[PDB]
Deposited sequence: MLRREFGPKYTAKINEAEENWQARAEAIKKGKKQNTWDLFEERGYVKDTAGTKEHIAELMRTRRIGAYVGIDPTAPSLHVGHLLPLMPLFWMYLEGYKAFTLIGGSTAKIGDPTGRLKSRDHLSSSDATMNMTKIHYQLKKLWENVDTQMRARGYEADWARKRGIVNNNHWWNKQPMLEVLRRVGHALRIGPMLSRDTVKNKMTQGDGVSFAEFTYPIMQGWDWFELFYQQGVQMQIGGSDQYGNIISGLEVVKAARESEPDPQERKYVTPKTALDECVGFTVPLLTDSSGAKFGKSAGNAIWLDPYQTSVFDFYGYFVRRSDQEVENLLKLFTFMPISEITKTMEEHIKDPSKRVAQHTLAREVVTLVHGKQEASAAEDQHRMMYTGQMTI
């Protein structure tokens, strides 16, 4: 009865939204992704992903392996489109790779790390809510966010079941004919069986999130394209191999838009080759105990004129009109770092909050700042 009525109202709301998009009254979140610059590679055509996003209140996820006690600003990039979807009323999850960090992604303390990353994600998600309220988005019952740790299934998930459900459908050649698996096996050491199996586990992760939460979309870091391709194979195998006739009603695809999709975000460097979120020989951590707020703000205020508009698009919830006005002010006199102070203000506001942001800005407008 009553969850059902609410689900029905949600779908009806979603469908009026869908029609509004078809008529051009409302921008498709997919086209927002393209406009702001989040799309590098897609697993699924852009027409596919657009239409899935228009017609269905999907779930989406980003996975993070807790390889250290703090996230850094480089982690923010895949999270940003995820947060945009959340603001738009999708279901959005950050998956902590508690079990999968121990294998480690080859593309190219641990419990305490897992605890700290959960804490930090919860803190950031709360700042997203704050920003959602500040940017004028209305409450929506069907809007959902969550934090999931893949140890929830990996602690007991039988190997046999994974091999039976997906292992016969996945051929090792495509896994092997992929640049990471050819790279570190030619130049660099070898690939461990555990390393080789990592993409299969991440694919099973996606299956579990599809099954449990309706997650049809994975958003990946810039180097996650191969893992996403493999993950789709794993999820497809798993949905097709479901033995129970009753579960198949729910899990086996019937229609084209039932399929899963994904995309990756761009690789961000400056014109000197530096990786975004690295300032010298260290990360810009989200933890103030590791990187002071002043220094976090500093990182952003030092961004280049050449990259700053692109970074305002990626790392803020500023409407494009707002960014355009900022850039119009900024080019009057770039030496004033209007755009960079805006970027710093917005990103600090998201990670550390408005008060910390104001204080840091005041400090960076002193006559000496380092």
Stretches of the record's deposited sequence for which the structure holds no C-alpha atoms: 1-7, 116-126, 389-392
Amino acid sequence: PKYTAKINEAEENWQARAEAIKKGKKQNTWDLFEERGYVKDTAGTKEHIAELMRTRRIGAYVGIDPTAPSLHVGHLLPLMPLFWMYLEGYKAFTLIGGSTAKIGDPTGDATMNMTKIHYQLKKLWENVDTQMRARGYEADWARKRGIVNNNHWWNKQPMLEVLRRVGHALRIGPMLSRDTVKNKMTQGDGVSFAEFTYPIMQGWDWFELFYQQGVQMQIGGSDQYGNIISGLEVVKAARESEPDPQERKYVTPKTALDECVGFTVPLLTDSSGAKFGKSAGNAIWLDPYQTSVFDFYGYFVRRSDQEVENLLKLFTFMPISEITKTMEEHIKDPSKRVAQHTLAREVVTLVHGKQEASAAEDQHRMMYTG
From here on, numbers count along this sequence of modelled residues.
So which stretch wins on mean C-alpha B-factor, 249-257 or 201-209? 249-257
Quick check on the record: does 90-98 or 157-165 carry the larger mean Cα temperature factor? 157-165
Among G281, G146, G220, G214, highest Cα B-factor in the entry goes to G281
If you check the C-alpha B-factor for each of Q120, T264, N183, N227 in the entry, which is highest? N183
Using the temperature factors of the C-alpha atoms in this entry, rank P69 within its chain: lowest, middle or highest third. highest
When the deposited Cα B-factors of this chain's modelled residues are ordered and cut into thirds, is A360 in the lowest, the middle or the highest one? middle
Split the chain's modelled residues into thirds by Cα B-factor; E35 lands in the middle
Please rank the C-alpha B-factors of the chain's modelled residues and tell me whether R57 sits in the lowest, middle or highest third. lowest
Please place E11 in the lowest, middle or highest third of its chain according to the CA B-factor in the PDB entry. highest
